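Take a look at the structure set out below.
Any read-out appearing in this document is the output of simple, stated calculations on the displayed coordinates, not a laboratory observation. For neighbour counting, all protein chains shown are included, and Cβ atoms are generated from backbone atoms with ideal geometry for every residue, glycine included.
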Amino acid sequence: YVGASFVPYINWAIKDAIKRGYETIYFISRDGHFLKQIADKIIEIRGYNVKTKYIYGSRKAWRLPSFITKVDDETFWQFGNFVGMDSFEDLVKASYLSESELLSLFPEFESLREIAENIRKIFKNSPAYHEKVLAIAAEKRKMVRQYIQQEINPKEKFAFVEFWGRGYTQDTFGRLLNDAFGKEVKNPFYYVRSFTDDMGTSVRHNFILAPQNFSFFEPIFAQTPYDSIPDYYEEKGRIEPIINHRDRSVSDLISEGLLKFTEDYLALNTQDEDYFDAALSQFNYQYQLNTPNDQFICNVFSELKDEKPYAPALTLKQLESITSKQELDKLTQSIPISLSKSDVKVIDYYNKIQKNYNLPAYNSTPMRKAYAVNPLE
Amino acid sequence: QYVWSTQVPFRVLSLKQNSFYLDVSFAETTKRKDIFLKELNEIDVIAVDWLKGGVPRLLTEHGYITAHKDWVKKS
Amino acid sequence: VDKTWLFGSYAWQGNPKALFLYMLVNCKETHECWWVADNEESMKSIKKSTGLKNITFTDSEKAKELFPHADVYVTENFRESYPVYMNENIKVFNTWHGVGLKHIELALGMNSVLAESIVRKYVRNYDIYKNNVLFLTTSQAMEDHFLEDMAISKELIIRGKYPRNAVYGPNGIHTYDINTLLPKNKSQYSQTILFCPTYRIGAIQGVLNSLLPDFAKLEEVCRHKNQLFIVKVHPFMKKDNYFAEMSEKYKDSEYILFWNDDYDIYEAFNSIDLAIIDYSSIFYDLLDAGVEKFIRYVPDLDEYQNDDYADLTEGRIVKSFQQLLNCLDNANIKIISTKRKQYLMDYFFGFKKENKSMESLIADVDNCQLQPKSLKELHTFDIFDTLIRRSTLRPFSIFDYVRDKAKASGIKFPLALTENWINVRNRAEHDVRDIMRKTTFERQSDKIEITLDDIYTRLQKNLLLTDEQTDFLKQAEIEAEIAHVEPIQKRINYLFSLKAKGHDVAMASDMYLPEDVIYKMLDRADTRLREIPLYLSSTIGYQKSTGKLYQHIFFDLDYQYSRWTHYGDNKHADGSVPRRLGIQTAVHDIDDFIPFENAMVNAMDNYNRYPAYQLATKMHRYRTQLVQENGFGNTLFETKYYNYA
Ligand SMILES: [Mg+2]
């Protein structure tokens, strides 16, 4: 499953970069670990002439420093920094400012310790806030600019290979590139898909041209053996990313499988390797995105810790404690998979309550294992 | 059993109290409930629109009516 | 009793209520007056609280008796629905809900949160609005403003006073004694203040908490002066927890009284000495009720600034809570100057000074003559599968054709593109659509319609195609769509018959093709169609599926129509959605294959799919002609179709 999901894409991207004349391919933090492993294996086997490098970063480590001369209005939009708040800690963290330092400017905010829209508005209305954020950003940008200048060779014709996103992170990183190299630096990003046109120096090469949402695959990438890069630091006069490691077992097995699959996949007798990449990708993405009762999507994928599972099975009392879709999303990231994993009585109760609580309609059947059925012990 | 003509418009008499539908499907949600075709009244039919199957519907300025011979009659 | 008047609104309030009470008192012999509530419980509440007996409710047997032969229907709004049995010649006395200098009704446009409701209201009841609504105007300025913002007949205007501002005077009407609601008798304060703030949009903390943070200091400053501070916040403001908290903390205070909204505050205007207002229309009402001391408490004047409030509102300015306290304690607020009150009263209620009375208003109404005009209708038409169709029926047939041309031209294409052209192109279109939907912020626009150029740009940029390939494919699709056009002659001739009857007709279509390609297709179906107005989604950016194209049509045309009918094939875009906008729909069925034809087409690969489309469409045309042209019976049709196919 994970090979079909990743390897054909990386193959397409590597071949497309060789075609477009890219000399170096950079893989960005977290999402780029497995993808760079795959690309290295492909280049080794096929003997392609292209270098690969790994770059550490993240939204948190790159958004604030990207504010060169202005704070992006996107920061105050539906997908800005004040998006996803669930508690007061979430609000204080999105604000960039401490609870005390923030409540000093917004006493009205002392309460609650629509709402998000008004919060974004009040944030947008303060020029002092804008200038303070700009100062903080110009200060945090020193280490990011030095990291870029030390890790990325600007005299080459290079590109970046990601997996999924809106494209705003790519825009901020391209702004950081321009500030670090002092010129209009074309940054092309490879995605499986993105929802935005080319903007400024950001160029976007997309693998699949279909209205599919690949956030689905975030759990797999979240098995990378270290947390999201929070920021940078300096030692030995060199800038380095803060890396707080995690256990390597899951990522070890995932990389084992991915490289086995790469070997097996490059050995296939294809009449047209590009067409097979495209066809296998189409089939595999369609299947994994529209098969919530699949044995392995149920028993393996949806059980990956994201630490709580991505879409675990549901219990009758858990559904008795819900009354909205918001409350249920806190319980699982995929209602179809969770239901396909739950007992028949749970499914029947969900059906009973869905018409009233306005929950998505469950249109699948319980998962039936297909191979290694029953306990093998 | 269906009353219709290739030559539109054409007058029809309402044998029974006939309802108006805003969709050839004659689905409940498309049946008008604000007004109806009174029994023994006449009305002009300005178009004949056919379902996917083989049943005709007679369009009036207020919506579709049935073509069944027990409910309408060409004048 | 000669005349019969019903009065209606969503609440026991307003000019409807004022005039209703004044007539039930001073017009018991010349008019029979009833109040129609929206439901039964509303009537029960009104009757329990007021003891009147001339109260019925909508669709009540009393209402079904009165409405068919009533004389006047008094309202404070352009109602969203009117009783279907309401008499043909009734006089809709629309006594508006306030005067001011803000846009309303049709002026709110398509960006308004009430756009759908406005379109529904007007599409439904334009005949009533234009031929039966006597709108009450109070001054020439207000009459001009309202005639600009609304669709009312200048001949049916009624000039006079606002009944709710001139009926509950000292010796006038009162359904309740004010002293029974106050801690002390009204003469038991040094004065009374009425605080009427407005519901502000962006409210981190409750609108009330931001305006009046510390109620303890307010009550202290009111005791020190022996004032009665009466708080009547906006309706939505009453939902906040701070409102209820402060109402409970001072539920039995001698100076801070949270007005019980179960009573009409207008009845008490004559008892109000001071008014603390911000941006609400009620100010003018107060000015018309005799109030003369005004405090404009506008802490949020920074927002409304940078855009005249100064010249058309009275009241000393106070922007800070501390300033409001200093003003309430200082007791330095003079009565409105004679010249300024004369100015404002002229500007806003000039037609008042014409010695206008309540009975004068009732006479002007009753003595009015309805001279209605017969209005034209509007008829919009879907294009694809309504006025025109495809010689191969299914849309994807086009794509098939295009692929076959690509693969046959000699220009080399990528295998993934040729062999999989159907999926490639359809999924690229839906991809571009999702991109539009997800980039409404980045584009600062709610329009989300795509164009053919967007689809082929996506394809070219992400498949690394040459300009030759992309232009070949795009021109092939355009030329194929044009060459496969066929007319649906009966609906075209019906459209033009409608136009010849004097109705206005137009076409509203959701399609990515450019407007010129659409016009070429129409011209190949029927040249006359080129002269009909066109609302193409690709040109406008709004679609019928979202209903936005219907709103655009409503606000773009000079809507003067007695009825709107939409003819189409889509159960949603041309049915559900338009019906939600109050539009009468005539939705027919799209052409479609039957089992044998479908299986034939579905059984072919790339080499044989287009001719299979041709043959299946020929079979469909044959059975169509047999059943719905020649009028054959079941057995004859079945025999002929079998022998053929
Ligand atoms: Mg259509």
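Given (1) basic (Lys, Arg); (2) more than 9 Å from chain C (Cβ to nearest Cβ); (3) outside any strand (DSSP E or B), identify the lone condition not met by B:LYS73.
(3)
If you go through segment A:201-233 one residue at a time, how many are away from chain C (no Cβ under 12 Å) and among the aliphatic types (A, V, I, L, M)?
Residues meeting the conditions: 3.
Among what's in segment C:426-451 and is touching a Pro at 6+ places or on another chain (Cβ under 8 Å) and among the acidic types (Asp, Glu), pick the residue that is farthest from C:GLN551 (Cα to Cα).
Out of the qualifying residues, it is C:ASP431.
Scan segment C:495-510 for residues that are within 13 Å of another protein chain (Cβ to nearest Cβ) and within 16 Å of the ligand (Cβ to nearest atom) and jot them down.
Answer for segment C:495-510, where residues must be within 13 Å of another protein chain (Cβ to nearest Cβ) and within 16 Å of the ligand (Cβ to nearest atom): just C:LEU495.
Take segment A:196-207 and flag every residue that is part of a loop (DSSP other than H, G, I, E, B) and surrounded by fewer than 21 Cβ atoms within 10 Å (Cβ to Cβ).
Hits for segment A:196-207 are A:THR196, A:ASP197, A:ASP198, A:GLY200, A:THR201.
crowded, with 20+ Cβ neighbours inside 10 Å, touching a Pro at 6+ places or on another chain (Cβ under 9 Å) and under 30 Å from A:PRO8 (Cβ atoms) - does that describe any residue in segment A:128-148?
No, the conditions are met nowhere in segment A:128-148.
Take segment C:184-211 and flag every residue that is within 25 Å of C:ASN330 (Cα to Cα) and within 14 Å of another protein chain (Cβ to nearest Cβ).
Correct list: C:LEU208, C:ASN209, C:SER210, C:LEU211.
Being among the small types (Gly, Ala, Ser) and part of a helix (DSSP H, G or I) is the requirement here; does C:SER374 meet it?
Answer is no for this residue.
Those residues that are of a type in the set (D, E, K, R), within 16 Å of the ligand (Cβ to nearest atom) and in contact with a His (Cβ under 9 Å, 6 or more places away or on another chain), I need them from segment C:570-610; list them, please.
C:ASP574, C:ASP591, C:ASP592
Would you be able to tell me the number of residues in segment A:237-289 that are part of a strand (DSSP E or B) and within 14 Å of another protein chain (Cβ to nearest Cβ)?
0
Condition (residue is surrounded by 15 or more Cβ atoms within 10 Å (Cβ to Cβ) and at positive phi) applied to segment C:87-98: is it met by at least one residue? Give the steps one after another, and end with the answer.
Start the filter on segment C:87-98 by keeping residues that are surrounded by 15 or more Cβ atoms within 10 Å (Cβ to Cβ), which leaves C:87, C:90-98.
Now narrow it down to the ones that are at positive phi: C:98.
Yes, some residue in segment C:87-98 is surrounded by 15 or more Cβ atoms within 10 Å (Cβ to Cβ) and at positive phi.
Could you say whether any residue in segment C:335-347 is within 29 Å of C:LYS217 (Cβ to Cβ), assigned to a strand (DSSP E or B) and either among the aromatic types (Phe, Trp, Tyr) or over 29 Å from the mean Cα position of the chain (by Cα) (or both)?
No: segment C:335-347 contains no residue that is within 29 Å of C:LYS217 (Cβ to Cβ), assigned to a strand (DSSP E or B) and either among the aromatic types (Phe, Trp, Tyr) or over 29 Å from the mean Cα position of the chain (by Cα) (or both).
Spot the failing condition for C:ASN630; the list is (1) away from the ligand (no atom under 16 Å from the Cβ); (2) in a helix (DSSP H, G or I), and only one is missed.
(2)
What's the number of the condition A:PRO188 fails, among (1) closer than 28 Å to A:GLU234 by Cβ; (2) within 14 Å of chain C (Cβ to nearest Cβ); (3) assigned to a strand (DSSP E or B)?
Failed condition: (1).
Kindly provide the set of residues from segment C:560-569 that are surrounded by fewer than 24 Cβ atoms within 10 Å (Cβ to Cβ) and either more than 16 Å from B:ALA47 (Cβ to Cβ) or more than 11 Å from the ligand (Cβ to nearest atom) (or both), ordered by number.
C:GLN560, C:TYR561, C:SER562, C:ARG563, C:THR565
What number of residues within segment A:79-138 satisfy the criterion of being aromatic (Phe, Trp, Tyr), under 25 Å from the mean Cα position of the chain (by Cα) and away from chain C (no Cβ under 11 Å)?
Looking only at that region, the number is 3.
Look through segment C:382-420, keep the residues that are within 16 Å of the ligand (Cβ to nearest atom) and in a helix (DSSP H, G or I), and return whichever of them is nearest to the other protein chains (Cβ to nearest Cβ).
That would be C:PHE396.
Evaluate segment C:329-340: report whether one residue or more is more than 16 Å from the ligand (Cβ to nearest atom), surrounded by 14 or more Cβ atoms within 10 Å (Cβ to Cβ) and among the hydrophobic types (A, V, I, L, M, F, W, C).
Yes: one or more hits.
B:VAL8 is checked against (1) farther than 23 Å from C:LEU498 by Cα; (2) part of a loop (DSSP other than H, G, I, E, B); (3) at the interface with chain C (Cβ under 9 Å from one of its Cβ atoms) and fails just one. What number does that condition carry?
Answer for B:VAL8: the failing condition is (1).
Results for (1) touching a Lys or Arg at 6+ places or on another chain (Cβ under 7 Å); (2) within 16 Å of the ligand (Cβ to nearest atom); (3) farther than 27 Å from C:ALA480 by Cα, shown as yes or no for each residue.
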| site | (1), (2), (3) |
| --- | --- |
| C:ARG524 | no, no, no |
| C:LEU536 | no, yes, no |
| C:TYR542 | yes, no, no |
| C:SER545 | no, yes, no |
| C:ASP558 | no, no, yes |
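Any chance you could count how many residues in segment B:21-36 are surrounded by fewer than 21 Cβ atoms within 10 Å (Cβ to Cβ) and either assigned to a loop (DSSP other than H, G, I, E, B) or more than 9 Å from chain C (Cβ to nearest Cβ) (or both)?
Within segment B:21-36, residues that are surrounded by fewer than 21 Cβ atoms within 10 Å (Cβ to Cβ) and either assigned to a loop (DSSP other than H, G, I, E, B) or more than 9 Å from chain C (Cβ to nearest Cβ) (or both) number 10.
Within the set of pairs 6+ apart or on separate chains, which have a first residue in segment C:618-636 that is within 10 Å of another protein chain (Cβ to nearest Cβ), a second that is among the small types (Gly, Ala, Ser) and surrounded by fewer than 15 Cβ atoms within 10 Å (Cβ to Cβ), and C-beta atoms under 7 Å apart?
Matching pairs, first to second residue: C:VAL627/B:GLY54.
Tell me, yes or no, whether segment B:49-63 has at least one residue that is assigned to a strand (DSSP E or B), farther than 21 Å from C:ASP385 by Cα and within 10 Å of chain C (Cβ to nearest Cβ).
no
Would you pick out the residues in segment A:1-39 that are of a type in the set (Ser, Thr, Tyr) and over 18 Å from the mean Cα position of the chain (by Cα)?
A:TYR1, A:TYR22, A:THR24 - these are the residues of segment A:1-39 that are of a type in the set (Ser, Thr, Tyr) and over 18 Å from the mean Cα position of the chain (by Cα).
Hey, could you check segment C:474-494 for residues that are within 14 Å of another protein chain (Cβ to nearest Cβ) and crowded, with 18+ Cβ neighbours inside 10 Å and say which is farthest from C:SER409 (Cα to Cα)?
So the residue we want is C:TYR494.
Is it the case, given these coordinates, that C:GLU377 is under 30 Å from C:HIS566 (Cα atoms), more than 16 Å from the ligand (Cβ to nearest atom), surrounded by 13 or more Cβ atoms within 10 Å (Cβ to Cβ) and among the charged types (D, E, K, R)? Outline the logic, then answer.
Details: under 30 Å from C:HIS566 (Cα atoms): yes; more than 16 Å from the ligand (Cβ to nearest atom): yes; surrounded by 13 or more Cβ atoms within 10 Å (Cβ to Cβ): yes; among the charged types (D, E, K, R): yes.
In short, yes.
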